[PDB]
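Only one structure is covered here, and it is reproduced in the block below.
Values in this text are rule-based calculations from the coordinates and carry no lab data. With ideal geometry, Cβ positions are generated from the backbone for all residues, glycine too; neighbour counts draw on all protein chains shown.
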Amino acid sequence: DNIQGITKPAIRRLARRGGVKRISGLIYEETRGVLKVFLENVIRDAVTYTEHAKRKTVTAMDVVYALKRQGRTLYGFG
Amino acid sequence: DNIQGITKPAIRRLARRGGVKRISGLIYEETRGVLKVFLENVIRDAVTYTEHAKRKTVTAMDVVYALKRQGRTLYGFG
Amino acid sequence: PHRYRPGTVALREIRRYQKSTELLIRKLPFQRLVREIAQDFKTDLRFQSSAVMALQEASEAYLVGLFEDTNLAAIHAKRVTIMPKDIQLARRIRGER
Amino acid sequence: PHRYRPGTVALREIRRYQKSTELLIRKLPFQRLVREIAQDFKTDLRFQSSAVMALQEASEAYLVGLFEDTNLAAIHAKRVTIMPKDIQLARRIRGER
Amino acid sequence: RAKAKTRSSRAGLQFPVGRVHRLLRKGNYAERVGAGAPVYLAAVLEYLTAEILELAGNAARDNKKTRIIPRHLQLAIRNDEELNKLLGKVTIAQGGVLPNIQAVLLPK
Amino acid sequence: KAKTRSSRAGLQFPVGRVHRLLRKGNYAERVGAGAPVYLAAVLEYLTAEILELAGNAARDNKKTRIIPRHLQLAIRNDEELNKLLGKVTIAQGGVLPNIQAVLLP
Amino acid sequence: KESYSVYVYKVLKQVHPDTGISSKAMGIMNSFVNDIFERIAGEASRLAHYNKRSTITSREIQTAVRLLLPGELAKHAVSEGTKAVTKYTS
Amino acid sequence: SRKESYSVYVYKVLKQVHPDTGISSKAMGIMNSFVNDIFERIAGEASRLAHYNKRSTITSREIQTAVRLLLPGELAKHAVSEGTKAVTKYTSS
DNA sequence: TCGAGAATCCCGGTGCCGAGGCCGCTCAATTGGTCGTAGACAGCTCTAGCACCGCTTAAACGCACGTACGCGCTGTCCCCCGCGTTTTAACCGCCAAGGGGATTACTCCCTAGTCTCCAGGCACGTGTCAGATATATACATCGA
DNA sequence: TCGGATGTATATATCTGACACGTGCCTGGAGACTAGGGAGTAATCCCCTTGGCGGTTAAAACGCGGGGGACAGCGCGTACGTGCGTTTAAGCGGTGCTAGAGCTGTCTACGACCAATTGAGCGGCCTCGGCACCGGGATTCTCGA
């Protein structure tokens, strides 16, 4: 039950960074759900890369490749 | 100009296919503008493709390659 | 004098234009527009019929998708009519602008 | 005995977290969530701290963009508070279902 | 000299192993191409084509038509929940859009 | 006696390394003589523009060392570089400080 | 000119023996096959380049399939691919 | 593990532009990932262009067309001009 | 409820043109040998990821109170839909031509390939200063 | 509009830990020469794209109700900011240590590659049945009453 580990003030901080003034109650649950979906999608490809590499450790480069395949290029890790 | 060739009934038919019940009067000019922008974007890539081949004819391959470049793959033309 | 209630002739034609697979834009004006737009890139260009047909199909699909997205945006604002602010909202969320 | 009127503390924060770059989510809970999610794909799978940090930052950026989009959608609806329907509209317009 | 049995028949497929091998070699994908890679790719392509054609034929049958047209392709792609996201960024020429009217817009 | 191709073209980026990477990338059967030079020139110009914007953005903050935040500010503020890197996330970069006019009181 | 026309027709008749296909539908099927082929081949080449491998084998194509096909599609695709590879080897 | 990077060359470019500045390690890693991404993007577009015209050689024409396709307007013009200038100087010497 | 009116599905009859099949008939996929070599496999090393353990403290949280505003209700009014009337240029068929997009033949010159050598750039060690941090001060603003 | 009380940069000392500089060496980038194959050049010639003319009319433009929806204003009560004690757990520092990534050494089975060669797939020619279309009829929404 670590999806609740992303606390309500964390979502509030992210919304403030995005520039949001007021927050509804259901926003926390909805953002937890969408984050869970996004991490599932990215980690699926990362683990697939790890499987194809015959490795048991997920290096940052595999995560970079998974993000690139999803249309979200990441700079600063390789 | 020729952008006026995209008549108001054409915009109405496009909205109907999109599933829109009522059209405001300002929709038509904005739709013409966005269509012009999209056509410019695609035609730039298509014409660059036909220049690279040292050709003065814009084939269907150039158009489909341009569309695929903007992530708009088109099926049915080669 | 039978007068249809304003609104039924919308959903009626909507069923028709969603059931059909036409191109909804007159071919000659669109070809003229494509030739004009390409004139600003290279002088004295020639366009294959398949090329202009593909351009028309791509523009058709793009515009119907944009019209679906702006319909969703207009519904979100508790409205039935689509207004340009919905157009720029959809285009901005889609990352175009 | 004073009190800050609603709205000012939101900006005292919006400016603070926009002018400064941080992670904004506790490292260990997010790492535990990442491991829990990855457990459903491969058992007893190891990770790297660099990979966890990359996933952290990617998630931060994704939500930040999603929050900008949903804020704009909420403002389009003549509103200020963001509702879950705003998130759903943003995700549907972006194509993420 | 023995009988020239095709590789597709040897693998029990319908898509070409030889042609896919040639396209993989000439596509500049890799310096070398394994023996089983064309077979695997031909099998995957054949399965995908079979699924698309099955759903397209079902859609055509729903329309009381025998021959398959692009409209049936569009219906088959956009009705399924996986082929839609596999082909979410593509457009089917003359395929149109699937019928969908928002419930809010309906009268009464 | 030996002169590097980078210096022969009046460039800073390695023409030889670009040529080797073009050979190794399985991009095409053969690589032209001037293709690595052209690609290195394009990369050098793009890096020059990026570093110039990063540097003057950093100087705007009275910092003489360029950090990822300065890179993010430089890329997002410029219209064309933002278009080129619209779908790119810069680690530890942050976002442009902007608040919608409706939110202000 | 190379086209998957006869091949798609054979698959159709295997699945729907009493169903025809139009020329435009056949062209769309050919375009779909080419797109999927180039996508999977590009992903396999990318995997080989990432893992410093000079050849693409059934493993690379399998991983590319798993990456580019969602959920049940990937499972059935890898099932058919493994079946065909096992049939070919024996 | 002889890892290759673009550190020295990008540092040279910075000293060419701003002689009194420096790059942090994270920012330099972002620079390396930016140059690698741009390089692979242009090379892939050039390979696609070569394969589209039944051509089996990547020349300056292919790189020119690729950079014209990927970069925005004024960026494309400036990059094409600078690349042509570099190609001509390399050819002269 | 309801019935004239208006679309709408449906079914029969007619046409017509693309889907399909057949028949040559090239050419590229199959066989079968060598020839080299990529990675398959096993093994050694060292390294960084996992687990614990305790500390100090940021912050998460559950809880109160005030009130901003999200939403529903009322009303106005205006602009967009539906339909009838009047252009009009889109469409279809046709013919003419020229021009340029593919082809075939011939060099030809440019790059893959191989051998040699060297200098540059990357891993290593290190002295150094750009900047975070701690402490006190100007200063644009919620209530009468 | 201001007394005044905050979190807003500003002004200056202290580490300090990343940063840029000697450095050396080995390995990939230059020079040097071949050759032979991809590509430019030349001719050509036939498709097809541009151009334009006449007839039909489906479609577009325009005008006129008028009504239903966009929008402004008010009321409310309801959920959402704000201090605050706390308690909850998160970084922060130190070590154990061990699975596991990374690099080495055989060498073997696998992938080019080239000489026949042949059957499968491609181009061209019927050819007829699916499907488009039209016309009359049964059937199903609709909107004023």
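Scan the stretch B:38-78 for residues that are closer than 19 Å to C:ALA61 by Cβ and either of a type in the set (A, V, I, L, M) or within 15 Å of DNA strand I (Cβ to nearest atom) (or both) and report the count. The number of residues fulfilling the criteria is 16.
Residue count for the stretch G:45-90 under the criterion of being under 15 Å from A:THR48 (Cα atoms), out of contact with any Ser or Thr (no Cβ under 9 Å at 6 or more places or on another chain) and of a type outside the set (A, V, I, L, M, F, W, C): the result is 7.
When the stretch A:25-77 is limited to residues that are of a type in the set (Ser, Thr, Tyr) and away from DNA strand J (no atom under 11 Å from the Cβ), the one that is surrounded by the most Cβ atoms within 10 Å (Cβ to Cβ) turns out to be A:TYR75. For the stretch D:31-60, residues that are more than 7 Å from chain A (Cβ to nearest Cβ) and among the hydrophobic types (A, V, I, L, M, F, W, C) total 2.
Would you point out which residue out of G:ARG46, G:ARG53, G:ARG39 is under 14 Å from the mean Cα position of the chain (by Cα), of a type in the set (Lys, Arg) and more than 7 Å from every other protein chain (Cβ to nearest Cβ)?
Going through G:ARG46, G:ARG53, G:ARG39 in turn, the sole match is G:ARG39.
Each residue in the stretch D:1-24 was checked for being within 20 Å of A:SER24 (Cβ to Cβ) and assigned to a loop (DSSP other than H, G, I, E, B), and 3 pass. Flag: C:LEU66 does not match the condition of being touching a helix residue (DSSP H, G or I) at 6+ places or on another chain (Cβ under 7 Å) and within 16 Å of DNA strand J (Cβ to nearest atom). Listed by first and then second residue, the pairs with beta-carbon distance under 8 Å, at least 6 apart or on different chains, first residue in the stretch B:22-38 and facing chain C (nearest Cβ under 8 Å) and hydroxyl-bearing (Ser, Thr, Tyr), second assigned to a helix (DSSP H, G or I) and surrounded by 20 or more Cβ atoms within 10 Å (Cβ to Cβ), are B:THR31/B:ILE11; B:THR31/B:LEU14; B:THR31/C:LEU63; B:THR31/C:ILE87.
The residues of the stretch H:4-51 that are more than 18 Å from F:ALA74 (Cα to Cα) and hydrophobic (A, V, I, L, M, F, W, C), listed by number, are H:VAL8, H:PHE39, H:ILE42, H:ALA43, H:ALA46, H:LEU49, H:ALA50. B:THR7 falls short on exactly one of the conditions (1) surrounded by fewer than 17 Cβ atoms within 10 Å (Cβ to Cβ); (2) of a type in the set (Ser, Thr, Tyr); (3) within 7 Å of chain C (Cβ to nearest Cβ), and that condition is (3). A count restricted to the stretch D:32-50 and to residues that are over 14 Å from A:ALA46 (Cβ atoms) and within 11 Å of DNA strand I (Cβ to nearest atom) stands at 3. Any residue at all in the stretch E:75-83 that's within 8 Å of another protein chain (Cβ to nearest Cβ), closer than 19 Å to C:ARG15 by Cα and assigned to a helix (DSSP H, G or I)? Taking every residue of the stretch E:75-83 in turn, none turns out to be within 8 Å of another protein chain (Cβ to nearest Cβ), closer than 19 Å to C:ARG15 by Cα and assigned to a helix (DSSP H, G or I).
Within the stretch D:9-23, the set of residues being surrounded by 16 or more Cβ atoms within 10 Å (Cβ to Cβ) and more than 7 Å from chain A (Cβ to nearest Cβ) comprises D:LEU11, D:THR21.
Each residue in the stretch B:41-62 was checked for being within 8 Å of chain C (Cβ to nearest Cβ) and either touching a residue at least 24 places away in the same chain (Cβ under 8 Å) or at positive phi (or both), and 1 of them qualify. Residue count for the stretch D:48-85 under the criterion of being under 15 Å from A:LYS56 (Cα atoms) and surrounded by 22 or more Cβ atoms within 10 Å (Cβ to Cβ): the result is 1.
Yes/no matrix, rows are residues, columns are (1) not small (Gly, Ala, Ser); (2) not in a helix (DSSP H, G or I):
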site	(1), (2)
A:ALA15	no, no
A:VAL34	yes, no
A:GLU40	yes, no
A:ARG44	yes, no
A:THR50	yes, no
A:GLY71	no, yes
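Quick check, is D:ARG26 at the interface with chain A (Cβ under 9 Å from one of its Cβ atoms) and among the basic types (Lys, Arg)? In short, yes. Among the residues making up the stretch F:1-48, those that are among the aliphatic types (A, V, I, L, M), assigned to a loop (DSSP other than H, G, I, E, B) and more than 7 Å from chain H (Cβ to nearest Cβ) are F:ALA2, F:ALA33. Tallying residues that are surrounded by fewer than 20 Cβ atoms within 10 Å (Cβ to Cβ) and either among the charged types (D, E, K, R) or more than 11 Å from DNA strand J (Cβ to nearest atom) (or both) within the stretch D:24-36 yields 5. Looking across the stretch H:54-93 at every residue that is of a type in the set (D, E, K, R) and under 18 Å from F:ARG8 (Cα atoms), the one that is surrounded by the most Cβ atoms within 10 Å (Cβ to Cβ) is identified as H:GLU82.
A single member of F:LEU81, F:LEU21 is within 16 Å of the chain's Cα centre (by Cα) and within 25 Å of A:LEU67 (Cβ to Cβ), and it is F:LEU81.
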